[PDB]
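Residue numbers (the authors' numbering), protein chains in the order written: chain A, 18 to 456; chain L, 1 to 9, 11 to 30, 30A to 30C, 31 to 95, 95A, 96 to 213; chain H, 1 to 56, 56A, 57 to 82, 82A to 82C, 83 to 100, 100A to 100E, 101 to 216.
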């Protein structure tokens, strides 16, 4: 982002301008829709707008009942999914979140017992917003929505009297497809994904009920201001569970993430093979420490794979369920004289292949066996030819790099790039410490 | 919103139990936010006593325990000693006021026997009368209960023009002391007959009298 | 090993400015939010400011809003608190406290600093005037006789009273200062001595004032009555 520093000593790059936010825990939220006594009244006079929608609502209720009854069947002491519908349904939630689906499900078992939902309904009798405590000390924020029940009951049964249906209106029929949209989409999502939706949508929680349910958590005044502006990524990392249909209401829960850390410097380290130690003797080194890094409490957290973290410009949305704690002396491998303080793992072996590693600001390229690799752009097709490798090139100097008729694009972001002068590694590198470069 | 309320002072006796309360409201302790306790010695900076409503940082001598429930929190000191005389503050988080602190209560141990005060009245000097100014200095020292009221009566008339009594302050030997200064002009210094610095100490009264000449 | 040192306290007239610092040591300064907590003399603590670990979100108290400004320097290990348009209700002691949190609902200041004092009053500096207090009747004989010298009307408060230049430390005790109607301090120090040692004495108290020197010595002698 802000500054990239090139290191000839080990052929690596570091970008040091990323403020970060790390997830810490989950905040739950229990809803309760209303559909009312739609199952009782019947429409049996001509096919028209009202007739074709009542059957839709009743069929949706039937499908929701079937999928809720089938939801308490998959929980056969299952913890490791071994089915196509479940393995492919658990990877879209995030591998690091697979340990969070279990926590949500275990919370679901507590709240679907008797005398638990009874408390929730009692807590919502007079108001649509009432925080309630569970039996095991956990606090649950309960939200109630009553759009249909205040439409099916008070100003629908009058119109449909004596089963002389569909005749005495042409406008209320249009409104019956207005209040009915949310419930149909909710049941469709839950029946399509077996009750475990992959992310919140504007059907589970509208934009009004997300800003109100994020300013009711107990948090600082900065973690709230950050969420009320990153509510897109908040929606992207929270999943909703299904509790069931208890009579004529739909109860489900939705898990909102909590950002425990809001500002702390972070950096990316990216590497590629080192050198032609001796022309024909291609025995050169390779850092295997790439990934992310962030500070939380004076102990840097390390994510070995870059897919575990995202980016929204400066802010970095990592998580603390897959982080690996490293000593805060790990930043000393960037000034490499083969220091014995922190043993850098790096690697060992003699099979160097030409590689390209895309950097946030520039790009780094290595060509060893004499492959025709050339710097390219848009205004000029071929600008210059480079020799050997580890020649880091900016994204202002070049716009594409070509290696074995395979082009790579470069980013347009701008930052104060830096280069650290240093001699590359020599023929013999013994004092480098001991990694495990296998598997 | 609302502020966190604490009792002004708490009194105890050695070996007994002491309870310090910290009453909140519906926006700070009603929204599931913590109550945190700090002990401030008379001369130093506060140090953490309990964090997270029940825990103890290493160093606290295991006799401090806390509890929070609803909109209240309490601190229990078992086996009070003579070294636990300080000020105790309780801290929370409020929705609209970012960090709220309690008023702060002071724990006072009652192990020391009462001592009567000793007062000294100094006649105005001869040198000070040269520069058309008159001052009377009255000193009070060596009394354990820190509650003294100073009344300056001239002959039969209580004068309350220029009385400047300070607050009692601790001395090295666990005793208290105070002073009361009164300003006068030289004309009325000699016009009256006598002056006094009455001191009250839980009912006990000590009187000292000075005269413009007092020569006989 | 955590150690927070603050400096910059002093005396300033109302409607002025003052910049207090705080230097950290022994921990990573660029990972912790830091606060500024103030305490009036003899009153309860009060929170003043806060700045996150990269100067992004800054929160001010309600009574100091629009007058203070907190800053940081993650490379020079310090945080600063500019003040402006100070008032007489502002004098206090300022601490810089690191911030601890559990993640969701617990927030506390664990390693408080040392503290510095800020005096804000409209009174002007002025050297003390030392007046003697000679022994008289009713204040002598008995077991011991009491005498001392009076120090009056000095605005800042580094006043030291030494009788034999620091050699007489037997029966000397110095009383606390007095806040007069305006901003003016006064105190008296007295010494109890036997009422039969007169004629052989070294009772000449030394008064030293640091901001304005105003060094002066006064001898005390017993007069009739």
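Quick reminder that beta carbons are idealized off the backbone N, C-alpha and C, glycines included.
Notebook entry, point to check: Helix, strand or coil for residue 133 of chain H per DSSP?
Noted result: coil
Item checked: Residues bridged to residue 100E of chain H [DSSP beta-bridge criterion] -> None; residue 100E of chain H has no bridge partner.
Note to self: Please return the same chain residues whose Cβ sits closer than 6 Å to the Cβ of residue 186 of chain H, not counting the five positions on each side in sequence.
What the structure shows: 131, 132, 136
Check: Should residue 20 of chain A and residue 433 of chain A be called a contact, given that it needs their Cβ atoms to be closer than 8 Å?
Finding: yes
Next item on the list: Count the other CB atoms, across all protein chains shown, that sit within 10 Å of the CB of residue 257 of chain A; report buried if there are 16 or more and exposed otherwise.
Entry: buried
Item checked: Proximal residues of chain A, C-beta to C-beta of residue 92 of chain L below 8 Å -> Here the premise fails: no neighbours, minimum Cβ distance about 10 Å.
Next item on the list: Using a Cβ cut-off of 8 Å (strictly closer), state whether residue 51 of chain L contacts chain A.
Entry: no
Check: Which value, in whole angstroms, describes the spacing of the CA atoms of residue 261 of chain A and residue 62 of chain A?
Finding: 33 Å
Notebook entry, point to check: How about residue 384 of chain A: is its Cβ closer than 7 Å to a heavy atom in the ligand NAD?
Noted result: Here there are no bound small molecules, and the ligand NAD is not part of this structure.
Check: Which residues in the same chain have their Cβ closer than 7 Å to the Cβ of residue 53 of chain A, if we skip the five residues on either side of it in sequence?
Finding: 165, 166, 169, 170, 265
Check: For residue 373 of chain A, which residues from the same chain have a beta carbon less than 8 Å from its beta carbon, with the 5 sequence-adjacent residues on both sides left out?
Finding: 289, 380, 381, 382, 383, 418, 420, 425
Next item on the list: Find the residues of chain L that neighbour residue 235 of chain A, judging by a C-beta separation of less than 7 Å, and give them in chain order.
Entry: 30B, 30C, 31
Checklist line | Assumed close pair residue 41 of chain H, residue 113 of chain H - CB separation to whole angstroms, cut-off 8 Å | finding: Not confirmed; about 17 Å, so no contact.
Next item on the list: Could you tell me if residue 123 of chain L is buried or exposed, where buried requires 16 or more neighbouring beta carbons within 10 angstroms of its beta carbon?
Entry: exposed
Next item on the list: Take residue 193 of chain L as the anchor and find which of L:101, L:59, L:126, L:147 has the nearest alpha-carbon.
Entry: L:147
Next item on the list: Could you say if the segment 439-454 of chain A and the segment 25-34 of chain A meet the contact criterion of at least three C-beta pairs nearer than 8 Å?
Entry: yes
Next item on the list: Spell out whether any CB of chain B is found under 8 Å from the CB atom of residue 199 of chain H.
Entry: Checking the listed chains, one finds no chain B in this structure; the protein chains it contains are A, L and H.
Notebook entry, point to check: Which value, in whole angstroms, describes the spacing of the CA atoms of residue 55 of chain H and residue 237 of chain A?
Noted result: 15 Å
Next item on the list: With distances taken Cα to Cα, identify the nearest neighbour of residue 213 of chain L among H:215, H:5, H:65.
Entry: H:215
Notebook entry, point to check: What are the boundary residues of the beta strand (DSSP E) that residue 192 of chain A is part of?
Noted result: First-last for residue 192 of chain A: 189-192, but that is the alpha helix (DSSP H), not the beta strand (DSSP E).
Check: Which bits of chain A does residue 95A of chain L rub up against, with CB to CB less than 9 Å?
Finding: 237, 238
Margin query: I'd like to know if the segment 106-123 of chain H and the segment 197-216 of chain H are in contact, where contact means that at least 3 CB-CB pairs between them fall below 8 Å.
Written below: yes
Next item on the list: Decide if residue 130 of chain A is buried, meaning its Cβ has at least 16 other Cβ atoms within 10 Å, or exposed.
Entry: exposed
Next item on the list: May I have a chain-ordered list of the beta strand (DSSP E) segments no shorter than 3 residues that lie completely inside the segment 89-170 of chain A?
Entry: 146-150, 156-161
Notebook entry, point to check: Taking Cβ-Cβ distances shorter than 8 Å, what residues in chain A pair up with residue 69 of chain H?
Noted result: Correct list: empty, because the minimum Cβ distance to chain A is about 14 Å.
Checklist line | Any C-beta of chain L under 8 Å from that of residue 55 of chain H | finding: no
Next item on the list: Could you tell me which of H:86, H:8, H:191 sits nearest to residue 66 of chain H, measuring between CA atoms?
Entry: H:86
Margin query: I need the DSSP call for residue 83 of chain A, collapsed to helix, strand or coil.
Written below: helix
Note to self: If contact is defined by three or more beta carbon pairs under 8 Å, each pair taking one atom from either stretch, is the segment 339-347 of chain A in contact with the segment 306-318 of chain A?
What the structure shows: yes
Check: Can you tell me the Cα-Cα spacing of residue 362 of chain A and residue 91 of chain H, whole angstroms?
Finding: 44 Å
Next item on the list: Flag residue 100C of chain H as yes if its beta-carbon sits less than 8 Å from any beta-carbon of chain A, otherwise no.
Entry: yes
Margin query: For the pair the segment 331-343 of chain A and the segment 388-404 of chain A, tell me if three or more CB-CB distances fall below 8 Å.
Written below: no
Notebook entry, point to check: Could you give the residue range of the beta strand (DSSP E) that holds residue 426 of chain A?
Noted result: 424-426
Next item on the list: Report all residues from its chain with a CB closer than 7 Å to the CB of residue 245 of chain A; omit the five preceding and five following residues, and keep chain order.
Entry: 228, 231
Notebook entry, point to check: Which residue or residues does DSSP assign as beta-bridge partners of residue 36 of chain H?
Noted result: H:49
Next item on the list: List the whole-angstrom C-beta distance separating residue 183 of chain A from residue 75 of chain A, where the pair is believed to meet the contact cut-off of C-beta under 8 Å.
Entry: Contact flag wrong, Cβ pair sits at about 16 Å.
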